[PDB]
$ cat run21.pdb   # PDB, C-alpha atoms
ATOM      1  CA  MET R   1       4.170   0.079  15.154
ATOM      2  CA  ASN R   2       5.893   1.013  11.888
ATOM      3  CA  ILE R   3       5.273   0.993   8.126
ATOM      4  CA  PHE R   4       6.462  -2.582   7.760
ATOM      5  CA  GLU R   5       4.254  -4.002  10.509
ATOM      6  CA  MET R   6       1.404  -1.930   9.195
ATOM      7  CA  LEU R   7       1.683  -3.260   5.663
ATOM      8  CA  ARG R   8       2.275  -6.758   6.878
ATOM      9  CA  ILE R   9      -1.118  -6.656   8.594
ATOM     10  CA  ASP R  10      -2.887  -5.277   5.554
ATOM     11  CA  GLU R  11      -1.406  -7.477   2.864
ATOM     12  CA  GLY R  12      -0.644 -10.777   4.638
ATOM     13  CA  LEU R  13       2.225 -13.136   3.662
ATOM     14  CA  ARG R  14       1.834 -15.864   1.029
ATOM     15  CA  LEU R  15       4.726 -17.953  -0.219
ATOM     16  CA  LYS R  16       2.893 -19.440  -3.268
ATOM     17  CA  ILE R  17       1.580 -17.328  -6.306
ATOM     18  CA  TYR R  18      -1.909 -16.092  -5.520
ATOM     19  CA  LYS R  19      -4.589 -13.838  -6.907
ATOM     20  CA  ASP R  20      -5.107 -10.554  -5.258
ATOM     21  CA  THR R  21      -8.447  -8.910  -4.448
ATOM     22  CA  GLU R  22      -8.508  -7.638  -8.062
ATOM     23  CA  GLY R  23      -7.717 -11.042  -9.513
ATOM     24  CA  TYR R  24      -4.079 -10.310 -10.249
ATOM     25  CA  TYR R  25      -1.150 -12.613  -9.767
ATOM     26  CA  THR R  26       0.760 -11.643  -6.605
ATOM     27  CA  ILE R  27       3.204 -13.238  -4.189
ATOM     28  CA  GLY R  28       4.783 -12.492  -0.771
ATOM     29  CA  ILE R  29       3.633  -9.375   0.971
ATOM     30  CA  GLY R  30       1.348  -7.855  -1.629
ATOM     31  CA  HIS R  31       4.051  -7.964  -4.390
ATOM     32  CA  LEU R  32       2.101  -7.610  -7.691
ATOM     33  CA  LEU R  33       3.601  -9.792 -10.374
ATOM     34  CA  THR R  34       1.518  -8.998 -13.480
ATOM     35  CA  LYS R  35      -1.954  -7.857 -14.491
ATOM     36  CA  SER R  36      -1.784 -10.501 -17.210
ATOM     37  CA  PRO R  37      -4.119 -13.481 -17.084
ATOM     38  CA  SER R  38      -1.435 -16.019 -17.745
ATOM     39  CA  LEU R  39      -0.051 -17.931 -14.776
ATOM     40  CA  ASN R  40       2.773 -18.488 -17.062
ATOM     41  CA  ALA R  41       3.414 -14.837 -17.525
ATOM     42  CA  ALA R  42       3.334 -14.706 -13.667
ATOM     43  CA  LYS R  43       5.830 -17.426 -13.118
ATOM     44  CA  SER R  44       8.176 -15.751 -15.538
ATOM     45  CA  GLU R  45       7.946 -12.381 -13.844
ATOM     46  CA  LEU R  46       8.512 -14.128 -10.561
ATOM     47  CA  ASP R  47      11.714 -15.838 -11.616
ATOM     48  CA  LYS R  48      12.881 -12.555 -13.119
ATOM     49  CA  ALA R  49      12.211 -10.842  -9.794
ATOM     50  CA  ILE R  50      14.016 -13.400  -7.614
ATOM     51  CA  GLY R  51      16.778 -14.394  -9.997
ATOM     52  CA  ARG R  52      16.065 -18.118  -9.725
ATOM     53  CA  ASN R  53      13.694 -20.739 -11.040
ATOM     54  CA  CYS R  54      11.119 -20.645  -8.416
ATOM     55  CA  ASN R  55       8.380 -22.674  -9.923
ATOM     56  CA  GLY R  56       5.738 -20.345  -8.294
ATOM     57  CA  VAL R  57       7.118 -20.652  -4.856
ATOM     58  CA  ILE R  58       9.427 -18.498  -2.675
ATOM     59  CA  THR R  59      10.945 -18.512   0.823
ATOM     60  CA  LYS R  60      10.226 -16.126   3.714
ATOM     61  CA  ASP R  61      13.516 -14.362   3.170
ATOM     62  CA  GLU R  62      12.742 -13.796  -0.526
ATOM     63  CA  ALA R  63       9.333 -12.438   0.373
ATOM     64  CA  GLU R  64      10.876 -10.062   2.817
ATOM     65  CA  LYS R  65      13.497  -8.883   0.409
ATOM     66  CA  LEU R  66      10.809  -8.019  -2.189
ATOM     67  CA  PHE R  67       8.911  -6.255   0.601
ATOM     68  CA  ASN R  68      11.916  -4.118   1.530
ATOM     69  CA  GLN R  69      12.315  -3.142  -2.157
ATOM     70  CA  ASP R  70       8.669  -2.294  -2.540
ATOM     71  CA  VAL R  71       8.478  -0.064   0.560
ATOM     72  CA  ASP R  72      11.640   1.738  -0.534
ATOM     73  CA  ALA R  73      10.312   2.288  -4.011
ATOM     74  CA  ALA R  74       6.951   3.584  -2.569
ATOM     75  CA  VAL R  75       8.749   6.181  -0.403
ATOM     76  CA  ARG R  76      11.127   7.277  -3.277
ATOM     77  CA  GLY R  77       8.141   7.441  -5.534
ATOM     78  CA  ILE R  78       6.343   9.856  -3.174
ATOM     79  CA  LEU R  79       9.466  11.977  -2.851
ATOM     80  CA  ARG R  80       9.838  12.370  -6.640
ATOM     81  CA  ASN R  81       6.244  13.058  -7.237
ATOM     82  CA  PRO R  82       5.393  16.754  -7.427
ATOM     83  CA  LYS R  83       1.871  16.104  -6.303
ATOM     84  CA  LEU R  84       2.759  13.815  -3.478
ATOM     85  CA  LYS R  85       5.927  15.257  -1.961
ATOM     86  CA  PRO R  86       4.380  18.431  -0.562
ATOM     87  CA  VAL R  87       1.680  16.418   1.132
ATOM     88  CA  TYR R  88       4.131  13.964   2.669
ATOM     89  CA  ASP R  89       6.411  16.755   3.861
ATOM     90  CA  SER R  90       3.473  18.421   5.599
ATOM     91  CA  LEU R  91       2.479  15.297   7.531
ATOM     92  CA  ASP R  92       3.405  13.996  10.986
ATOM     93  CA  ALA R  93       5.110  10.557  11.285
ATOM     94  CA  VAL R  94       2.045   8.339  11.686
ATOM     95  CA  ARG R  95       0.063   9.974   8.852
ATOM     96  CA  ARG R  96       3.099   9.665   6.678
ATOM     97  CA  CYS R  97       2.666   5.911   7.139
ATOM     98  CA  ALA R  98      -0.929   6.133   5.949
ATOM     99  CA  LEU R  99       0.086   7.797   2.657
ATOM    100  CA  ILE R 100       2.807   5.265   2.100
ATOM    101  CA  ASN R 101       0.231   2.450   2.553
ATOM    102  CA  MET R 102      -2.038   3.952  -0.192
ATOM    103  CA  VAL R 103       0.845   4.327  -2.640
ATOM    104  CA  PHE R 104       1.943   0.737  -2.025
ATOM    105  CA  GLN R 105      -1.556  -0.580  -2.718
ATOM    106  CA  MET R 106      -2.587   1.624  -5.526
ATOM    107  CA  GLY R 107       0.527   3.163  -7.092
ATOM    108  CA  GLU R 108       1.717   6.820  -7.238
ATOM    109  CA  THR R 109      -0.481   7.623 -10.126
ATOM    110  CA  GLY R 110      -3.588   6.316  -8.465
ATOM    111  CA  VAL R 111      -3.052   8.238  -5.233
ATOM    112  CA  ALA R 112      -2.046  11.355  -7.090
ATOM    113  CA  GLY R 113      -5.542  11.209  -8.585
ATOM    114  CA  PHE R 114      -7.107  11.871  -5.151
ATOM    115  CA  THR R 115      -6.700  15.641  -5.682
ATOM    116  CA  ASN R 116      -9.320  16.938  -3.271
ATOM    117  CA  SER R 117      -8.385  14.603  -0.399
ATOM    118  CA  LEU R 118      -4.684  15.446  -0.835
ATOM    119  CA  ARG R 119      -5.568  19.160  -0.507
ATOM    120  CA  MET R 120      -7.535  18.518   2.670
ATOM    121  CA  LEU R 121      -4.703  16.476   4.224
ATOM    122  CA  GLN R 122      -2.290  19.269   3.415
ATOM    123  CA  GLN R 123      -4.575  21.660   5.098
ATOM    124  CA  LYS R 124      -4.885  19.408   8.113
ATOM    125  CA  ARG R 125      -8.677  19.051   7.852
ATOM    126  CA  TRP R 126      -8.746  15.545   9.211
ATOM    127  CA  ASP R 127     -12.472  14.951   9.414
ATOM    128  CA  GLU R 128     -13.118  16.383   6.008
ATOM    129  CA  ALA R 129     -10.423  14.441   4.332
ATOM    130  CA  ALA R 130     -11.622  11.124   5.918
ATOM    131  CA  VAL R 131     -15.123  11.628   4.546
ATOM    132  CA  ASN R 132     -13.747  12.546   1.081
ATOM    133  CA  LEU R 133     -11.386   9.559   0.943
ATOM    134  CA  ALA R 134     -14.368   7.191   1.570
ATOM    135  CA  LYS R 135     -16.062   8.277  -1.669
ATOM    136  CA  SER R 136     -13.904   6.123  -3.846
ATOM    137  CA  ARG R 137     -13.868   2.810  -5.605
ATOM    138  CA  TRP R 138     -10.895   2.016  -3.254
ATOM    139  CA  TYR R 139     -13.128   2.295  -0.169
ATOM    140  CA  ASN R 140     -16.024   0.367  -1.781
ATOM    141  CA  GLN R 141     -13.806  -2.477  -3.010
ATOM    142  CA  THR R 142     -11.615  -3.009   0.174
ATOM    143  CA  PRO R 143     -13.608  -1.358   2.909
ATOM    144  CA  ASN R 144     -11.888  -2.877   6.010
ATOM    145  CA  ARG R 145      -8.402  -1.931   4.895
ATOM    146  CA  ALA R 146      -9.554   1.501   3.622
ATOM    147  CA  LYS R 147     -11.178   2.118   7.037
ATOM    148  CA  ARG R 148      -7.975   1.298   8.850
ATOM    149  CA  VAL R 149      -6.005   3.769   6.670
ATOM    150  CA  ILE R 150      -8.660   6.384   6.851
ATOM    151  CA  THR R 151      -8.771   6.201  10.687
ATOM    152  CA  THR R 152      -5.000   6.552  10.690
ATOM    153  CA  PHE R 153      -5.293   9.815   8.736
ATOM    154  CA  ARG R 154      -8.203  10.940  10.850
ATOM    155  CA  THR R 155      -6.533  10.359  14.238
ATOM    156  CA  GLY R 156      -2.854  10.412  13.694
ATOM    157  CA  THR R 157      -2.587   7.336  15.950
ATOM    158  CA  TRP R 158      -2.213   3.610  15.421
ATOM    159  CA  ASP R 159      -5.486   2.738  17.007
ATOM    160  CA  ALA R 160      -6.954   0.917  13.937
ATOM    161  CA  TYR R 161      -4.136  -1.502  14.005
ATOM    162  CA  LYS R 162      -3.750  -2.063  17.748
ATOM    163  CA  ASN R 163      -6.509  -4.401  17.563
ATOM    164  CA  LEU R 164      -5.018  -6.557  14.814
TER     165      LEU R 164
END

$ encode --input "run21.pdb" --output "structure tokens"
Amino acid sequence: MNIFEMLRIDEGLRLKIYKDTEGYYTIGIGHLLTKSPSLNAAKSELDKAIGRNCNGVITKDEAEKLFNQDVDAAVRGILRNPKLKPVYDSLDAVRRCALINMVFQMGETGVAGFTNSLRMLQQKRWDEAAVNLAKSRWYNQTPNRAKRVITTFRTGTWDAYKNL
């Protein structure tokens, strides 16, 4: 299993504009288009992103290209972030995937706000960090996905996804 397969399980694939769990306009593999309420603002961002008139719809290929960009940007974002980089560098390969997943869902800024949990991961206190991570709006709002990520940090294995 790898970061791409992981995220593909968590976000799904939709070729028509849709609303995400938070009500925002998204497309493809969890690609946020805008937090704006206008479907029109969404269709415009979409065409801007693809470089064609899409009329709210995209192909598989297009969805996958956006996905490649997004994963790349998530990684680069962690690497440039002074709060995130040290954590990432201290992690093994599987747990690295768990941090990337959080950044992709919630943005650099959002994850960087998990100060205490970040500290526990850095210290390799797996059980403690898992319990701390769960005390968040993130966990309460998307519990099944949060649990999968949390178990990934807890165990350092892909068990939570070997099901799926």

$ closest_residue --input "run21.pdb" --among "R:63, R:98, R:54, R:46" --to "residue R:14" --atoms "all atoms listed in the file"
R:63

$ atom_distance --input "run21.pdb" --atom1 "atom CA of residue R:133" --atom2 "atom CA of residue R:81"
19.7 Å

$ atom_distance --input "run21.pdb" --atom1 "atom CA of residue R:28" --atom2 "atom CA of residue R:135"
29.4 Å

$ resolve_selection --input "run21.pdb" --expression "the PyMOL selection byres ((chain R and resi 30-35) around 9)" --output "ChimeraX atom specification"
/R:7-8,10-14,17,20,23-29,36-38,41-43,45-46,49,63,66-67,70,104-105

$ closest_residue --input "run21.pdb" --among "R:68, R:142, R:90, R:122" --to "residue R:22" --atoms "only C-alpha atoms"
R:142

$ atom_distance --input "run21.pdb" --atom1 "atom CA of residue R:108" --atom2 "atom CA of residue R:80"
9.9 Å

$ residues_around --input "run21.pdb" --residues "residue R:106" --least-positions-apart "4" --cutoff "12 Å" --atoms "all atoms listed in the file" --output "JSON, numbers by chain"
{"R": [22, 30, 31, 32, 74, 99, 100, 101, 102, 110, 111, 112, 113, 114, 137, 138, 139, 142, 146]}

$ residues_around --input "run21.pdb" --residues "residue R:95" --least-positions-apart "6" --cutoff "8 Å" --atoms "only C-alpha atoms" --output "ChimeraX atom specification"
/R:152-153,156

$ resolve_selection --input "run21.pdb" --expression "the PyMOL selection byres ((chain R and resi 2) around 12)" --output "PyMOL selection string"
chain R and resi 1+3-9+71+93-98+100-101+157-158+161-162

$ closest_residue --input "run21.pdb" --among "R:91, R:120, R:160, R:79" --to "residue R:145" --atoms "only C-alpha atoms"
R:160

$ closest_residue --input "run21.pdb" --among "R:129, R:118, R:134, R:57" --to "residue R:147" --atoms "all atoms listed in the file"
R:134

$ closest_residue --input "run21.pdb" --among "R:15, R:83, R:136, R:103" --to "residue R:61" --atoms "all atoms listed in the file"
R:15

$ closest_residue --input "run21.pdb" --among "R:76, R:85, R:154, R:16" --to "residue R:126" --atoms "all atoms listed in the file"
R:154
